[PDB]
Each structure stands twice: as structure tokens, then as C-alpha cells.
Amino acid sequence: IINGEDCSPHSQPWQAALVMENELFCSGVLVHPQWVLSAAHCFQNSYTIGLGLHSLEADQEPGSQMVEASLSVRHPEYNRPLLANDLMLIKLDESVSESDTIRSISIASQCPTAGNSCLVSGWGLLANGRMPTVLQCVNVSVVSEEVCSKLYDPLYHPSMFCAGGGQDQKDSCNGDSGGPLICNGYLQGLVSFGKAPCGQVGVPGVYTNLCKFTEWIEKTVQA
């Protein structure tokens, strides 16, 4: 997260850390007690998922859980066209007990509103190219579909939307993949991709447009 700040601790209790050999490689979002939503490009054959975290050191985070997951389902149209339909559902091996620091979030059914300010959170790179020690939060604003397609055609597809690009240089960055973009109290997007370097004025990042997938998510969780 570029030009953000430490999140207030446990203010984003749906945030999930996907860790590999004890190092974070993507985030995800708890959307049901047994399911984490993340970007399909974060797929692995198995996962170790950290819930209830703030720092990434579970041994210093009361209320946290490190949980295993074997099964994941990428959207069937992932990467056709290239980069599009970038979402997957990970089924935890066991349902988690929700608490005030581990809680699912509802998915927006309405699509993004151009201009609206939203919140993105993650443990990815800071402006200085270092990794933060605790979860970072920043606001970014949704950009119109006209601007998103002008900047990203031929790779813009409506399973995506753009946010950010302000003079404020607030953005997501590498290591924020799969984490949440919250708009108006609901999960609206997942961090997906963008032009490098992060935080360029006039260049928004691209997020998975989850309003397009509410039926596939519900059906997958219920099957």
C-alpha cells in the first residue's frame, strides 16, 4: 500500500494473509466462515492462511488463527481474456469461529460508482520499496469505465474496474494482490494488477469487479 497508514488494529477483520514458507505472498478476504476469496493469480495447490492478524507474527497476535486449506476453485473464465476474471475461492479445511477480529464481509451486488472513495488494505510494498510490519490502509477513488478502458484497452474487460490515480499517489502495490477494496460498507473489489511503478499520478490500479460474480460465488460456496 502506497501513501497509506497503519490500519486501526482489527478494523479489517475479513483480511486474510496467504503465506508460503512463513512469508506473505498475497492476501484474501473471508466471505464465509469456511471460504476465503482471493485473486486467481494467487492460486497454489495448498495454503496456510492467517486470520485475525495485524502484524504478520501470529505468536504476537491474540485472537489470530493460522489455518490450512487444500481446495481452491479459480473462476472458469480466469485469464480469458488475459488478466480478466481474476478471482478464486479457497475452502478452509475447517470452518472458523468468527469473532471481533475474524469476521466475514458481504459482497457488493451493485457495481462500482465512478468517483466514489473506497478503502484498500494490505501488507504489500510501501512507497520506499520496503514491506510494512502491520496491515496498511489507504483510500482510493473509483475511476469511470471510460477512463479505465482508455488507459487499459486492449486488456480492459468488465470483470475489472479501476481505482486510484490521484495527485495523492495513494495506491496498492506488489504484495497487495488478492486483498480487499471496500466501498460504502461492502466488498467491491480484489487487488489485481496495474502499471508499474505504483503510485503514479493519473494511473489507477485495476481491481476484480466482484459485482459481476455474486452468482458464481454463491453457487460455488453452496456446492
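Note that residue numbering begins at 1 and tracks the sequence as displayed. Just so we're on the same page, rigid core means the largest C-alpha set that superposes within 1.5 Å between forms.
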Comparing 60 to 68 to 175 to 183 by root mean square Cα deviation from the shown form in 8 other deposited structures of this protein, core aligned, the larger deviation is found at 60 to 68
Between 14 to 22 and 207 to 215, greater root mean square CA displacement in 8 other deposited structures of this protein relative to the shown form, after rigid core superposition, belongs to 14 to 22
Between 57 to 65 and 173 to 181, the record assigns the higher mean Cα B factor to 57 to 65
Of 148 to 156 and 92 to 100, the stretch with the higher mean C-alpha B-factor in the deposited entry is 92 to 100
The residue of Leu210, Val201, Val206, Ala17 with the maximal C-alpha B-factor according to the PDB record is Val201
Max C-alpha B-factor within the set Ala163, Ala39, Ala196, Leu30 falls on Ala196
So, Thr48's CA B-factor, relative to its chain, sits in which third? The highest
Split the chain's modelled residues into thirds by Cα B-factor; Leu125 lands in the middle
Entry-reported C-alpha B-factor of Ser70 relative to its chain, by third, is highest
Sorting the chain's modelled residues by C-alpha B-factor and splitting them into thirds places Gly115 in the middle
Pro132: CA B-factor among chain residues, third -> middle
